[PDB]
Amino acid sequence: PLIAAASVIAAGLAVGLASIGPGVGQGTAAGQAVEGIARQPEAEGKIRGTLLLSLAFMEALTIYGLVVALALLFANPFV
Amino acid sequence: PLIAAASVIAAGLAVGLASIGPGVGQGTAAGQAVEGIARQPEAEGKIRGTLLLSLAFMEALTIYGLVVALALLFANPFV
Amino acid sequence: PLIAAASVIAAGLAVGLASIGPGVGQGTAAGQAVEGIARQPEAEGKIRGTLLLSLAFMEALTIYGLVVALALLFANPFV
Amino acid sequence: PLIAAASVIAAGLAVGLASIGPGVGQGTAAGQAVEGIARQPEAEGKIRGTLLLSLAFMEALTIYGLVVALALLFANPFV
Amino acid sequence: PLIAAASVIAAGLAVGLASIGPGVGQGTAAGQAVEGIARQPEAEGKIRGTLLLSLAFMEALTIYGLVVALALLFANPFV
Amino acid sequence: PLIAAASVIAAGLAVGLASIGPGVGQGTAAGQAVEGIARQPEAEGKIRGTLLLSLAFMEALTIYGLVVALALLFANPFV
Amino acid sequence: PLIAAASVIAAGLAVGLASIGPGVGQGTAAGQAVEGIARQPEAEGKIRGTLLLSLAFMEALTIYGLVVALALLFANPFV
Amino acid sequence: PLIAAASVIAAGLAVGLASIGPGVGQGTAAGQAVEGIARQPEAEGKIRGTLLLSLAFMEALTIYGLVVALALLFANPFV
Amino acid sequence: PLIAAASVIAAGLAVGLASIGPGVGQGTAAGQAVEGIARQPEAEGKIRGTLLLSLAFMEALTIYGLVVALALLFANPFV
Amino acid sequence: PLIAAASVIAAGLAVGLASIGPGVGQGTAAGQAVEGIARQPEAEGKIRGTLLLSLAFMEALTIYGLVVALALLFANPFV
Amino acid sequence: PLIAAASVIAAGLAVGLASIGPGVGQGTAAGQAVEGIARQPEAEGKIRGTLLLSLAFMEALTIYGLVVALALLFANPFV
Amino acid sequence: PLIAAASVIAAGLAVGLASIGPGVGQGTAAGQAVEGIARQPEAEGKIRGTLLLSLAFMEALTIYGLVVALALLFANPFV
Amino acid sequence: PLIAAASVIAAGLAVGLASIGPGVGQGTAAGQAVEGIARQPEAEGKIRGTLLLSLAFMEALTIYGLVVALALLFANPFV
Amino acid sequence: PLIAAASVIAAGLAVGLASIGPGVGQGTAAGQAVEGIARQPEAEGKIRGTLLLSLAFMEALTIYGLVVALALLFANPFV
Amino acid sequence: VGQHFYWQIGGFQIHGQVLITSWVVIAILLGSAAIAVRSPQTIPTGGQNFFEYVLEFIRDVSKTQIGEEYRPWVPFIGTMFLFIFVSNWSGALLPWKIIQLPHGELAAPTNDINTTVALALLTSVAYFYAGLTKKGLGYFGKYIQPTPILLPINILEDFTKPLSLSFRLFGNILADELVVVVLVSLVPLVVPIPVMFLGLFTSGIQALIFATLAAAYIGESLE
Amino acid sequence: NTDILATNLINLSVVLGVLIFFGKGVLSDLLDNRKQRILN
Amino acid sequence: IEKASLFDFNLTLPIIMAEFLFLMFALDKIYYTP
Amino acid sequence: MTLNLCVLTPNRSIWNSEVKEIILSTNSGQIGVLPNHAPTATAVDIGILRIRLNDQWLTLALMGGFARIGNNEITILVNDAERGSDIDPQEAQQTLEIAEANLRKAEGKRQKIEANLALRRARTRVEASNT
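Residues numbered from 1 in each chain as written, not as in the entry; some residues may be left out. Chains lettered and ligands numbered in written order. Part of a larger assembly, values for the part shown. Heavy atoms only, no water.

Method of structure determination, per the deposited record: cryo-EM was used for this entry, reaching 3.15 Å resolution.

Here it is in structure tokens:
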């Protein structure tokens, strides 16, 4: 009825909105991480160690928007 | 009824909106933490100590939005 | 009825909206805290004492929006 | 009826909107407070006295929105 | 009826919208007020006399949204 | 009826919106004022004599939003 | 009727948005003015003759919004 | 009827919207005119004759929004 | 009826919306015109010969919205 | 009927939207064109021959909205 | 009926929306092109050959919006 | 009916919206390309071979939206 | 019926929206690439190998919104 | 019915909305990655090894929106 | 208040106000200029300085925009400045709300499209006259020189050069006079006079930006 | 017929006056300076 | 009397093209050449 | 009464008389100066320096360096500088031709560094001989 139709719009708003914050975040992180290799390539493992760890924090923001968005579709307690 | 449909839309807006503030925040903090490594690689242990601690605060701004959005679905007092 | 449906929408807007400012704010405070460590690593104890004391304020701006977001669901005087 | 439902959405807006203005403000205030310490660390007590005083003004901007938002739920003269 | 429900939503926007103009303003004014102390620590007492008055003009912009929104709730001449 | 209900909403939008321009405006005027005291502390009285007049013009832009928002509620001709 | 309800909403939007353009404008025009006095303080009277003359043009942009917003309330030809 | 209610809302949108372009415009123009005076005072009269030259164009943009807002209220052909 | 009510709203938006580009543009073009006079004040007639030629192209953009906004009210082919 | 009411709203949108992109563009394009004159005044005619040729492209973007907004009114095939 | 009323609003949007993109783009592209002439006027034949070609790509973006917008009015297959 | 009215509004958003993203992008790409010719005119054919290939990718983003908008009108499978 | 009318609007919002993120993103990438060639032209085989590879990824973000938008129209399972 | 109509809209917001953050992100990531090659071309394999691993993260943000948008079309459980 | 007109019939309908308003500009242009060319002097006397400094100004905006061959096009650009400069300064300064025609207003010759689209075509013929005289009759500046696929961009540029140059001049004079028309209905004349001085400022400038840009299309056609 | 009313021409008065006076000023300043240049 | 109805392409365009070319030739003979 | 200005080479100070108007080229390209100019430190290009004092105005070519300005004082540090009149007019354009062929025979980096640096030294030497 209305419940399955309103759950399915928020499954698109959860993911659509969640993706936006991190996309700018993972871009300015990887943007200055590769500028940093150009100033000193001897710190590549120091940069790729911190970048791949901090990009995992921004992966965790939009994966929470997909935990909700799959819960609205699949494990939906309302329908 | 309407209450199940109104709760389920706000489950997507709570999570979706929450992801946006932090993504732009975990990107400017991470990008200037990796740029700070390339300026002086001796202080990686001080940079990773300040970055991962401050990324946990910005992670806490999103897990607030996941506590509410799952409480609208799972422990929903109104349905 | 309508009151339980209007209260459960604003719990997703109270929290979602609240997290946007701090996520953006705690990024630029932490990013110029770690850029400051690379400028002078000897002052980490003056920086972590200043960052975490000032990240505690921007953490409190979202917990104010979480107090209302939990008051609409759990300690709701209207329903 | 409709009055309690309109009061309970606005409680959410007052707190949610209030978080946004200060969140970005306390970021740039604390962000240049920590970068100032890395410029001259012997001026710390002049900085923490000026940071924590000025963060108290930006904490007042959100607590004005919270006093209204609690008064919509608890001390509501219209319901 | 409709008079009270419209008076209670506007009590949220007025307090809520007001925080945004000042929140960014009390940040970038006080943010360079702390960086200015790090450049010239001899001029602290000149800065705090200029800052605390200029923040009070920005505290007065938010207090106008409070006096209106408290007049929409408490001293409401329409109901 | 509708006349007092539409009047009371725009008493919240007149005042709330008014704060936004000045809140951001009085910040960057005070920000480059206090930064300027750090560069030349000997020119303080020329700065406060300019800032207290510059903040007075931007205080006037928001007090226009209060003159209407007091007129919509108290000296309301339509009700 | 509906005319008096639509004339009073636009009385808020007339000055609701009037403040927004100029406030932001009177900030950066007064912001670089006080930086100008702090740079060469012998040119103060060449600045206050230009600042007060250019803040008058932006105060005129908002007094246009106040004239309309007071025309909708008092000298309203439709009611 | 509907015509006098629709003409009166666009009287607020014409004026409010028109003011926004100029405030931003007369901030960057008049801001870099007073900074220019500080840099080269000898050129005050060459700046004021180019500033009030160009502030008259941006005052002319808002005066289009004023008179159309006066044409909807007073010289209205439709009612 | 609806034709005269729709024609009278869009005459407020055409004028208001069009004005935003010129206000924003006629300040950045007038901003770096006076900043150029401060550099080399000999080239003022070389700058005013281009500045007046530049601000009238942006006066042409607002005026196309005002050719329409007077054609919607006065030379209205539909009513 | 509705078609004359729908077409007259879009003529306020076509012109209004079109005016915005160019107003912002012709300020930044001519603003750096005047700054280029003040750097090398010996190349003024080299700049104006490139400026006015490129301002005619941004003027062409706005005028495509004036072609539509007059075709919605005068050469309207639907009414 | 509603088919021609929807097609006549959308034509307005397509021409209107397209201008915002290339309007800002042709101002930054022609803006740094003319600032590039003041660095080295010897390559003005190299600048104008690349500028006028690159503006034709941005001119093609809006004219793609006008091929659709004329096909909603003139060659409209639904009416 | 409703199918033809909804398929024609989306043709305005398909290309109206598509023009916005690329247009801003092709301004920064062409703007620093023509500045790059000013930096080193000896690599003009190295710049134009990269620019005209990279402008072809951004032009292909709007041509994707032009395919959809010319699919909703002419080769529309729903009518 | 209502299914095909709602599906066809999302066919315009998918690629309409998809064009916006990538176009802006692509422009900066090519913008600092070509100005990077003007710094060191012998690195062009390294630059074009990195630009044309990364322009394929931002192209791949748009083709995700195009595969959906063609699937809403052509291979639509609901109609 | 309403369920298949509300599901098919949100597949346009999911994939369409999702692309916006990453598109801006991959542009500023690969933007400074290529400018990094123009400073030190000997670190190309350090730059391409870091960029392409981080472009896969921003690929993973947008591919999350595709997974939900394909789950609304193909593996849609509500219909 | 009033955006209408009365028409005069000579087989077709033509505007009475436009012809009449324009005639005064013609009589004030020839009537004041030809009083100083009656007996010239070597050293310019009082009154001849202003008509010489105008003529030295027209040579500035012709030579800078056209080039070495500005000197045949001086009387054209000298008309397109002065017929548009004096037409706008007649609207603000000459008191014509005292005279009452029984059907319409009298402010300016350029308040209708019929003047402004004619002046946009008289400057459109001029760069097709200069474009087809100096260069070849077979192929001229519209020929697709940098790329062959620039054809619809350059065909449509032919239409936008008289059209955007017309509605620039048409609108800002119609706007300026209407602000005078509207604000008089609200308030006596002591309030709108700073707004009229903002209007009389741009009233002469839109004439100057006409003749500057009109010469700027001449030099484009000659290349 | 002539329409006599003191709500138009009065304003025209003030600004025409101002304009005239200052125009006189500037023309003296800019035409006499050109005359001294040609006499120079 | 009638309403506004501007955007009139009546014969005032050839009238004002004629009177403008008359002004350009007469003003030529009095001002520009002399 | 104005700004004073000194132009000093690594062995010899050229100008030390008060002037009202200079317009120096720079790495940006052109900067005009009037007195009461805010203190600014720029780098100067290898090009001409046009100076306008009371009646007569003249150009002194300078071969690039550093120009900072203060409280009505412009010191210009330039590693070689010649007055635009004291270069004989045609004779620089002979030496420009000695450079213009020498870049046509330039090969390798160091001959494309040395010719193009000395060409711009020579090409902005002739432009003072005519100014």
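Next comes the rest of the description.
K.L.:
Help me get a handle on the overall build of chain P, residues and values and all.
P.N.:
The number of helices and strands found in chain P is one helix and zero strands. Referenced to the eigenvectors of the C-alpha coordinate spread, the extents of chain P come out at roughly 55 × 20 × 5 Å. As presented, chain P carries roughly 3200 Å² of accessible surface, and 63% of it is formed by carbon and sulfur atoms. (Helix = DSSP H or I, 4+ residues; strand = E, 2+ residues; numbered from the N terminus. Areas by Shrake-Rupley, 256 points an atom, 1.4 Å probe, with all protein chains shown as cover.)

K.L.:
Account for the interface of chain D and chain C, with residues named and values stated.
P.N.:
Contact with chain D, which involves 46 residues of that partner, is made by 42 residues of chain C. Taken together, the two surfaces of chain D and chain C that pack against each other cover about 3600 Å², and 74% of this comes from carbon and sulfur. On inspection of chain D and its partner chain C, the count reaches zero salt bridges. For the pair chain D and chain C, the interface holds four residue pairs in polar contact. In terms of residues, the side of chain D that touches chain C owes the most to one element, helix α1 (residues 2-39) of chain D, which gives 28 residues. (Contact = heavy atoms within 4.5 Å. Buried area = accessible area lost by both parts, 1.4 Å probe. Salt bridge = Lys/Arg side-chain N within 4 Å of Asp/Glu carboxyl O. Polar contact = N/O pair within 3.5 Å; in protein donor to acceptor, adjacent residues only side chain to side chain.)

K.L.:
Outline the packing of helix α4 (residues 113-133) of chain O against helix α5 (residues 151-186) of chain O, supporting the account with residue identities and numerical values.
P.N.:
What describes two packed helices is the angle between their axes and the distance between those same axes. Residues and elements named next belong to chain O. With their axes 9 Å apart at the nearest point, α4 and α5 run at an angle of 140 degrees to one another. With respect to the hand of their crossing, α4 and α5 are arranged in right-handed fashion. Here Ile113, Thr116, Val117, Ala120, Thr123, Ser124, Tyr127 and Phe128 of α4 come into contact with α5, specifically with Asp158, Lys161, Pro162, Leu165, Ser166, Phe167, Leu169 and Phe170. Partitioned by chemical class, the residues of the contact of α4 with α5 number ten nonpolar, four polar and two charged. (Axes fitted to C-alpha atoms, helices over the stretch in contact; angles between N-to-C directions. Left-handed = near helix turned anticlockwise from the far one by under 90°. Nonpolar A, V, L, I, M, F, W, Y, C, P; charged D, E, K, R; others polar.)

K.L.:
Would you mind going over the nonpolar core in detail, with residue names and values included?
P.N.:
A general tendency of soluble globular proteins is for nonpolar side chains to be buried together. One finds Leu66 of chain I together with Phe167 of chain O to be the most contacted residues of the largest nonpolar core, which totals 453 residues. Looking at this core element by element, the count peaks at 19 residues for helix α2 (residues 44-73) of chain I. Each residue touching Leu66 of chain I, except ones within four places of it in the same chain, is listed here: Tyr64 and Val68 of chain H, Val15 of chain I together with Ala175 of chain O. Core analysis: the next-biggest nonpolar cluster, separate from the first, contains 30 residues, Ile20 of chain A, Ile20 of chain C, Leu17 of chain H together with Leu13 of chain N among them. (Core = buried A, V, L, I, M, F, W, Y, C linked by side-chain atoms within 4.5 Å. Buried < 20%, exposed > 50% of the residue type's maximum accessible area, 1.4 Å probe, protein only.)

K.L.:
For the pairing of strand β8 (residues 65-69) of chain R, give the residues involved together with the corresponding values.
P.N.:
All names here are of chain R. Sheet analysis places strand β5 (residues 40-44) next to β8, joined by five bridges and oriented antiparallel. Bridging from a neighbouring strand, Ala43 pairs with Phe66 of β8. In this structure, β8 lies alongside strand β9 (residues 73-78), joined through five bridges in antiparallel fashion. Residue pairing in the sheet places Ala67 in a bridge with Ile76 of β9. (Pairing = 2+ DSSP bridges.)

K.L.:
Hey, could you go over the UniProt feature "transmembrane region" in chain P for me, with residue numbers and the actual values?
P.N.:
The sites that carry the UniProt feature "transmembrane region" are, in the present numbering, residues 5-27 of chain P. Helix makes up 83% of residues 5-27 of chain P and strand 0%. Its end C-alpha atoms lie 33 Å apart. (UniProt positions renumbered as here; feature names shortened; annotations may be inferred.)

K.L.:
Please provide a residue-by-residue account of the sheet that holds strand β10 (residues 81-83) of chain R, values included.
P.N.:
All names here are of chain R. Taken together, the five strands give an open sheet; going across it, the order is β4-β3-β6-β7-β10, and neighbouring strands pair in antiparallel fashion. Lying at the two open borders of the sheet, with one neighbouring strand each, are β4 (31-33) and β10. For this sheet, the mean inter-axis angle between neighbouring strands, taken without regard to orientation, is 20 degrees. Where strand β7 (residues 57-62) and β10 come together, three bridges link them in antiparallel fashion. When the sheet's bridge partners are listed, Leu60 is paired in β10 with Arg83.

K.L.:
Which residues make up a positive patch on the surface, and what are the values?
P.N.:
A grouping of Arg39 of chain A, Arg39 of chain B, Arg39 of chain C, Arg39 of chain D, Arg39 of chain E, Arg39 of chain K, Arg39 of chain L, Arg39 of chain M together with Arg39 of chain N is seen on the molecular surface, where their side chains present a positively charged patch. Inspection of the secondary structure puts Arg39 of chain D in helix α1. (Patch = residues over 30% accessible without salt bridge, like charges linked within 9 Å, V, L, I, M, F, W, Y side chains within 5 Å. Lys, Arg positive; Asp, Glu negative; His and termini not counted. Charge placed at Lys NZ, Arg CZ, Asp CG, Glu CD.)

K.L.:
Tell me about the interface of chain O and chain P, residues and numbers included.
P.N.:
Taken together, the contact between chain O and chain P spans 23 residues of the former and 19 residues of the latter. Where chain O abuts chain P, roughly 2100 Å² becomes buried across the two surfaces, and 70% of that area is made up of carbon and sulfur atoms. Between the two partners, chain O and chain P, sit two salt bridges. Across the chain O-chain P interface, the total number found is four residue pairs in polar contact. Elements supplying a minimum of two residues to the side of chain O that touches chain P: α2 (48-63), α3 (74-93) and α6 (193-222) of chain O. Here the side of chain O that touches chain P takes five residues from α2 of chain O, the largest share from any one element. Each residue belonging to the side of chain O that touches chain P can be placed in one class, and the counts come to 18 nonpolar, two polar and three charged.

K.L.:
Which residues make up the side chain of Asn76 of chain A, and what values go with them?
P.N.:
Secondary-structure assignment places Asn76 of chain A in the segment after α3 (64-73). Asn76 of chain A gets classed as buried once you look at its relative accessible area, which sits at 10%. In this structure, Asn76 of chain A is in contact with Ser7 and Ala71 of chain A together with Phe78 of chain N, ignoring residues within four places of it in sequence.

K.L.:
Any chance you could break down the packing of aromatic side chains for me, citing the residues and the numbers?
P.N.:
Describing an aromatic ring pair means giving the distance of the ring centres and the angle of the ring planes. Under the criterion given, the structure shown has 20 aromatic pairs over all chains. Look at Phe51 of chain O and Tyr31 of chain Q: their rings are 6.5 Å apart centre to centre, the planes differ by 85 degrees, and that puts the pair in the edge-to-face class. In this pair, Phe51 of chain O is assigned in helix α2 and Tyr31 of chain Q in helix α1 (residues 12-32), connecting two distinct chains. Residue classification places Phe51 of chain O among the partly exposed residues on the basis of a relative accessible area of 23%. (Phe/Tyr/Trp six-rings, centres within 6.5 Å; stacked < 30°, edge-to-face > 60°.)

K.L.:
Provide a residue-level description of α2 of chain O, including the pertinent values.
P.N.:
For α2 of chain O, built from 16 residues, the straight-helix expectation of 22 Å at 1.5 Å per residue is met to within 8% by its first-to-last C-alpha distance of 22 Å. Of all the positions in α2 of chain O, only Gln48, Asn49, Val54, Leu55, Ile58, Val61 and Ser62 of chain O are classed as buried. Contacts from the buried residues of α2 of chain O go to α3 and α6 of chain O, α1 (9-39) of chain P together with α1 of chain Q. (Expected span 1.5 Å × (residues − 1).)

K.L.:
Give me helix α1 (residues 2-39) of chain E: which residues, what numbers.
P.N.:
Over its 38 residues, α1 of chain E runs 57 Å from end to end, which matches the ideal 56 Å to within 8%, given 1.5 Å per residue. For α1 of chain E, the tally of buried residues reaches 31 of 38 residues, placing the bulk of the element in the interior.

K.L.:
Give a detailed account of the packing of helix α1 (residues 2-39) of chain F against helix α2 (residues 20-39) of chain G, specifying residues and quantitative values.
P.N.:
Here α1 of chain F crosses α2 of chain G at 5 degrees, and the two axes come no closer than 7 Å. The pairing of α1 of chain F with α2 of chain G is recorded here as roughly parallel in orientation. Here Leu17, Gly21, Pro22, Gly25, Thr28, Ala29, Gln32, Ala33, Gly36 and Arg39 of chain F of α1 of chain F lie close against α2 of chain G, whose contacting residues are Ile20, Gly23, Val24, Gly27, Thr28, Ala30, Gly31, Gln32, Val34, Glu35 and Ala38 of chain G. In the contact of α1 of chain F with α2 of chain G, the residues fall into nine nonpolar, ten polar and two charged. (Parallel < 35°, antiparallel > 145°, perpendicular 65-115°, else oblique.)

K.L.:
So what's going on with the arrangement of the chains? Residues and values would help.
P.N.:
The smallest C-alpha distance separating chain F from chain I is 15 Å, and no contact links them. These two, chain G and chain I, are apart from each other, with no contact and a minimum C-alpha gap of 10 Å.

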